[PDB]
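Enquirer: Experimental coordinates for this protein are included below, preceded by the sequence.
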There are 2 protein chains.
Amino acid sequence: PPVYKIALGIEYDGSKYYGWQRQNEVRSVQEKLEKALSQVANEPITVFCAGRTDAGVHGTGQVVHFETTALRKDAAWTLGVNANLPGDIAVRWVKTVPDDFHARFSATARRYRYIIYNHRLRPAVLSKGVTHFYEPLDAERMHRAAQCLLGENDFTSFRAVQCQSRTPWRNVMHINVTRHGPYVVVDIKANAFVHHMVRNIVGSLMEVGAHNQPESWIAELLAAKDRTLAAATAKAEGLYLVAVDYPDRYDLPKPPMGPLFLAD
Amino acid sequence: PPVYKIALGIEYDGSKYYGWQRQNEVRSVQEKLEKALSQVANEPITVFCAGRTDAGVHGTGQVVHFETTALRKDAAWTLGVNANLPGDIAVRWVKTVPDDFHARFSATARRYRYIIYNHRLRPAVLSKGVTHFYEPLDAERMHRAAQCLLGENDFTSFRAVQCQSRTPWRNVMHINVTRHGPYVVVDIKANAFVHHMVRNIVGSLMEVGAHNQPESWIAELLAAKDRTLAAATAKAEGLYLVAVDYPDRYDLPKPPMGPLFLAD
RNA sequence: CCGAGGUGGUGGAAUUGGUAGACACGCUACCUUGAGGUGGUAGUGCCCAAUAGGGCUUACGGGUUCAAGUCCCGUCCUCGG
RNA sequence: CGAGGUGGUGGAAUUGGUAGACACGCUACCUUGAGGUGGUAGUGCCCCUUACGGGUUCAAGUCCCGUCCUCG
């Protein structure tokens, strides 16, 4: 019985979910994704994440791969599966791949985007899709300040109390801070990440644009190698896993990342 | 006991509501808005809309005015209010006004935007915020075709069947069709609108960009003065009342319309 | 003696009246698991008989107001030289 | 030179995707303009369902078989 390994571009809205990692007592994208992915392959399927996102953490460039004997047409994995998927979780594409591929271990780099709503008043539309921030922000200071995190560094100061990896070291590829309308977007990328790194970078990074801290403060915290010094972690309520990287050899479809209108 | 008349910029998400219209035994923005607007002024408040929005029709430039004796600072109408408001419905600003003002009648022109998702696969993020469309669209044909509805016309063909009087005539200011990413936005404006006017224009307008109809077809339907001949209506599931107009004399705050990131 | 200050078990917050304890650590039991930590769920306060849905809680009783840890009046305090 | 049988009607459903969208009628419960129009909710079983039985698939208004029809 020949087996098949295919990849899927999962895009979801953790608005109403407790993270990706399946549970027992609560809702988890995975659980669902599998629940339906299997209902297709007609054989208990189990999928592999590529970035075990947190709880209430939206995703649009999430990638997963699962093995299966079931030989579907192609529209199946697509419409087929989405067909049994709750409106908040859907597929974007599918592409068979070689055993050498592994949505989590074949990844070369992952990328996130954070959407901050910078207005004194709460927002309605996409309420659970963006983070609220009254205090005025400065996209320039933030960007500037946040330019020392570039390169291989010891994000200890920015890593969550507990974790899993061994080292607090990571290589940040790019980290640009922009502003579209009253919205401030944080775009970042790095080989891999440490627990809550992004929800922390921003966290503090927010302080700088609010002049509640100087610009150097960032590099200061970093060099300080100490978590308890930097602003509190930010509300996952706006972290979007916009894109992951894989070797060109595997060749995976690259659609938009947004989210929504935001250009690539 | 002196009375006060103030205006509010209500922004909501009809995702989970039965439309703007106040109802009994159901959820309606109004009901809520009042429910809370009053809690503050501490005297059964009743508001006046400026554009009765159908069911599941988002709004961001919605304007309403209500009278009240209650002399609240201005933190109430802006914050105090929202505080008693469900995440999907919030205020954006408030500005006292003269009796001569009336959110619905003082209006000189109203404007909407329609967001179409043009991808063969369903979308997750903002699931109830955008209309899903499989077959490929042509932003150019659509735009082109949709250029004869400009000016005073007899939108009979485009008006929701029931009617007898108060004319099928309307003056369309501008109607441009664009495309941002796999998203297709329809932006339109006119002195006022006829029942479903927009949800129909698009409706058909969708057909043209799908080459399921020629370009002239639009002007044909229009001139044909007949509902049954134009493609069915369009899902309210993406109609956003982005903005309304009022005389400069009243002077009302003009923030962004979007929705979301979409620029003005 | 005039002035500082009193928020859970801790560290540590609260758009400058808006409507609590954000972020984190530490423990009680629970879940996955096999008990590798990690990850989730409830507590870690007080009542309403339990049930239940909820309600009261920011040193303690009063007041102001549509709304108060946040303004005001005092009660017990905890200090600064 | 033509071919069919989805609710009270018309009349649509991606590539076999997971049902009646849209519009008319019909009954409710509301409902300001101020010339009186509008909102929402209901409109196939009973305490599963697209003439009705089959077959194939993870998947069936949608392909194959049948049965009774509608038709040129």
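Expert: Thanks, I have the structure now. Numbers count the residues shown, from 1 in each chain, chains lettered A, B, ... in the order given.
Enquirer: Now the longest strand seen in chain A: buried residues?
Expert: Longest strand in chain A, counting residues (DSSP state E): strand A:169-180. Going by neighbour count (16 or more other CB atoms under 10 Å in any protein chain shown), the buried part of strand A:169-180 is A:170, A:172, A:175, A:177, A:179-180. No exception for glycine: its C-beta is placed from N, CA and C like everyone else's.
Enquirer: Just give the nearest non-adjacent residue to the closest residue to RNA strand D within the stretch 151-264 of chain A, would you?
Expert: Closest residue of the stretch 151-264 of chain A to RNA strand D, CB to the nearest atom of the strand: residue A:255 (15.3 Å). Among residues not flanking residue A:255 along the chain, residue A:92 sits closest, at 5.9 Å (CB to CB, 6 or more residues apart in numbering or on different chains).
Enquirer: for the longest strand of chain A, packing partners?
Expert: The contact analysis (3 or more CB pairs under 8 Å, 6 or more residues apart in numbering or on different chains; DSSP states H and E) places strand A:169-180 against helix A:139-145, strand A:151-154, strand A:183-190, helix A:197-209.
Enquirer: For it, what is the distance to the chain centroid?
Expert: 13 Å (CA atoms, centre = their mean, to the nearest Å).
Enquirer: just the angle between that strand and helix A:197-209, please?
Expert: Going by axes from the mean of the first three to the mean of the last three CA atoms, to 10 degrees, strand A:169-180 is angled at 50 degrees with respect to helix A:197-209.
Enquirer: partners of strand A:169-180 in the sheet?
Expert: strand A:151-154 (antiparallel), strand A:183-190 (antiparallel) (DSSP bridges).
Enquirer: Tabulate the buried residues of strand A:169-180 (a markdown table), appending distance to RNA strand D.
Expert: Formatted as a markdown table, the buried residues of strand A:169-180 follow (distance: CB to the nearest atom of the strand, whole Å):
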| residue | distance to RNA strand D |
| --- | --- |
| A:170 | 39 |
| A:172 | 38 |
| A:175 | 36 |
| A:177 | 36 |
| A:179 | 35 |
| A:180 | 29 |
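Enquirer: How are the strands of the stretch 1-150 of chain A distributed by residue range?
Expert: A:4-12, A:59-68, A:89-96, A:109-117, A:131-132 (DSSP state E, counting those that start in this stretch).
Enquirer: is RNA strand C contacted by stretch A:109-120?
Expert: Yes. Under the criterion of CB under 7 Å from any atom of the strand, RNA strand C is reached by stretch A:109-120 at residue A:120.
Enquirer: hey, C-alpha coordinates of that stretch in CSV?
Expert: Taking C-alpha atoms only, stretch A:109-120 is exported to CSV below (Å, rounded to 0.1, in the frame of the first residue of the first chain):
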residue,chain,number,x,y,z
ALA,A,109,12.8,30.5,8.0
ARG,A,110,9.4,31.7,9.3
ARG,A,111,7.8,35.2,9.1
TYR,A,112,5.1,37.0,11.1
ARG,A,113,3.3,40.3,10.9
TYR,A,114,1.7,42.1,13.7
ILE,A,115,-1.2,44.6,13.2
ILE,A,116,-1.5,47.3,15.8
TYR,A,117,-4.6,49.6,15.9
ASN,A,118,-3.2,53.0,17.0
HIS,A,119,-6.3,55.0,18.0
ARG,A,120,-7.7,56.3,21.3
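Enquirer: what's the burial count for the one residue in chain A that gets nearest to RNA strand C?
Expert: Here chain A gets closest to RNA strand C at one residue, residue A:232, 2.9 Å apart by CB to the nearest atom of the strand. The tally of other residues near residue A:232 (other CB atoms under 10 Å in any protein chain shown) stands at 10.
Enquirer: rewinding a little: is it correct that the residue nearest to residue A:255 is in contact with residue A:11?
Expert: Yes. Residue A:92 lies in contact with residue A:11 (CB atoms under 8 Å); the separation is 5.2 Å.
Enquirer: ok, the two, which is more surrounded?
Expert: Per other CB under 10 Å, whichever of residue A:92 and residue A:11 has more neighbours is residue A:11, with 27 against 22.
Enquirer: And that one, how far from residue B:117?
Expert: 12 Å (CB to CB, to the nearest Å).
Enquirer: and for the two, which residues touch both?
Expert: residue B:123 (CB atoms under 8 Å, 6 or more residues apart in numbering or on different chains).
Enquirer: residues touching the residue of chain A closest to RNA strand C, list them.
Expert: By CB under 8 Å, 6+ apart, the contact list for residue A:232 reads residue A:203.
Enquirer: Run through who's touching stretch A:143-159.
Expert: With CB under 8 Å, 6+ apart as the criterion, stretch A:143-159 contacts A:168-178, A:186, A:194-197, A:200-201, A:204-205, A:208-209, A:215-219, A:221-227, A:229-230.
Enquirer: and with 6 Å instead?
Expert: A:168-172, A:175, A:177, A:194, A:197, A:200-201, A:205, A:208, A:215, A:218-219, A:221-222, A:224-227 (CB atoms under 6 Å, 6 or more residues apart in numbering or on different chains).
Enquirer: Stretch A:198-215 too?
Expert: So stretch A:198-215 is in contact with A:112, A:114, A:135, A:137-138, A:141-142, A:144-146, A:158, A:186, A:230-234, going by CB under 6 Å, 6+ apart.
Enquirer: which one is the residue in chain A that RNA strand D sits nearest to nearest to, not counting chain neighbours?
Expert: Relative to RNA strand D, the nearest point of chain A is residue A:80 (3.1 Å; CB to the nearest atom of the strand). Closest residue to residue A:80 apart from its sequence neighbours, by CB to CB, 6+ apart: residue A:40 at 5.3 Å.
Enquirer: Ok, residue A:138 next?
Expert: Residue A:138's closest residue in space is residue A:209 (CB to CB, 6+ apart), at 4.2 Å.
Enquirer: tell me which parts of chain A are close to RNA strand D?
Expert: By CB under 7 Å from any atom of the strand, the residues of chain A that approach RNA strand D are A:39-40, A:42, A:70, A:72-73, A:75-76, A:79-80, A:83-84.
Enquirer: neighbour-wise, which of those leads?
Expert: Highest neighbour count within the residues of chain A next to RNA strand D, by other CB under 10 Å: residue A:80, with 20 neighbours.
Enquirer: close enough to count as contact, that one and residue A:39?
Expert: No. The criterion here is CB atoms under 6 Å, and residue A:80 misses it with residue A:39 at 9.1 Å.
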